[PDB]
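Read on for two forms of one protein chain; each stands alone as structure tokens, with the labels structure 1 and structure 2.
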Structure 1
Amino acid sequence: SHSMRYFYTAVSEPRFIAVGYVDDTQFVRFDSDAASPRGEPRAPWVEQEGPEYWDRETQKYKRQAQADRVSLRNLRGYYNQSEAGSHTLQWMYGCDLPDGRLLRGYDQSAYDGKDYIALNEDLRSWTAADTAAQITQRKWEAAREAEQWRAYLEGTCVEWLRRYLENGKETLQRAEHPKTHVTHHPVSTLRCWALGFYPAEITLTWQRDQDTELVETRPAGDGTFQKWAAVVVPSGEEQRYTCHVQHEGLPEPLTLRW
């Protein structure tokens, strides 16, 4: 359906980057390595929000950046790691919406790329990955932060994501169909292309009447995505293969022959 997502990265003052997504559309960023670190709009539907909205977001990141420089120091102490090594703290949370209500909220954390601590599906308990996260879970259980997570995920995350979908309905609630074509290269290869589609969810399959080479969906840089699927066929047998494209922007699916 629809999802608002946030990705926080603190690398060891430390480097703090925060990014917000609505579906596959980025709408906010924060970079501690900017000339004036602040919450910057990445989508036109969030640009017209008042200065009281943006300054509250900016001071949120500015104080979240300070919270991570001490957290990385506390994490370095839990594991007895050296003060010279670089370490990464990752923070992930968001809310999924068909009736416009919370389908699932999530909250995950990662230290150095492995799972550290995560809010449970009940939004009232935690799961620690090791004895270091048990100190963090006990820290957040004393503060009862899972209660504040309920207030955000079940509420603030849902109503504000619903507002973003309304102000940007011209682009967010609009599926761009892929522009497909087949290329042929001699090897002694039939590549099926898909360009300029939104969202990134697409299915590329080469049928004959497990052997396709898929690539991960890449961003075009304009808000759309690209992806191709290549298969190897013997010479004189190209007329037997048909590429199939499934996408939300397509009235009916597309079949393609060389």
Structure 2
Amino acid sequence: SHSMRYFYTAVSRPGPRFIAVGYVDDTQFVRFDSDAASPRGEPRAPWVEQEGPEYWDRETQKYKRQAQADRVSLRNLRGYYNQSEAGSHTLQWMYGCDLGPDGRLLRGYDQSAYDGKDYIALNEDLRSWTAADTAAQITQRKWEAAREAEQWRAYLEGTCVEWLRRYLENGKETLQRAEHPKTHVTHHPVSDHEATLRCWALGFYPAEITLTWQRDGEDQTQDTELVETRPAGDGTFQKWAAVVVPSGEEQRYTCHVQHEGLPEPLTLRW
């Protein structure tokens, strides 16, 4: 599957920083920062640099417009929760497509957060809203009266998805070409009767990977310490899964990596 998603952040400064980023799968392609001389939407991927100045003027239009509403929204949220004006507060925006088998919308998103907690989110049916508290019910009532969910349907199943398909063709040589993981296993003792088998996976795109340590063929779901898929810095990602095994029993454990870049799931053995 494929996905486009935007991530907005607005932080209130007493006496507001507005950052927005756009992703196609695990590849960033656009950025807007209010803390710039002449703030503009700028390309972070090669396949959006070929878009015309008309596209970027249009993109910068909504960014500067949304930063204005984020100034109004952060101030409205202050009175909603009756908080003082001396503190900093965060308001995030998460919306985007999820592409399906044929090419149509699989899932649509439109989520708002306030201070790390859920605020209001467009339901999956793209007709109803889920308010997280009585303060968000004010925003909900505001949006049902203006038929905001009608606008999101036309975007998510329309402009959203059509442009996700457009990016995946204009950048098909990178967005649709998967890189296989370069895997290896390390072995470190933690006792005189115990060891740690660590299964590595480096330089793979996309970031979707599942590393599993199986003893005797069966999944050791727990006892398998796993870390966040981290970026390598060049567009690829890394990840490792570890398991603490008794010494002399390491020949019983096998690592299993499945990634879109692999022709078949490969079996590792330190």
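Definition used throughout: the rigid core is the maximal C-alpha set that superposes within 1.5 Å between two forms. Along the sequence of structure 1, residues get numbers from 1 upward.
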Please check if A220 moves between structures 1 and 2, taking a CA shift of 2 Å or more relative to the superposed core as movement.
-> no
Please check if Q48 moves between structures 1 and 2, taking a CA shift of 2 Å or more relative to the superposed core as movement.
-> no
Superposing on the rigid core, is the CA of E248 displaced by 2 Å or more between structures 1 and 2?
-> no
Core-superposed C-alpha displacement of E141 between structures 1 and 2, in angstrom, equals 2.1
Quick one: how many Å does the C-alpha of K62 shift between structures 1 and 2 once the rigid core is superposed?
-> 1.0
Mind pulling the C-alpha shift for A230 between structures 1 and 2, with the rigid core superposed, in Å?
-> 1.1
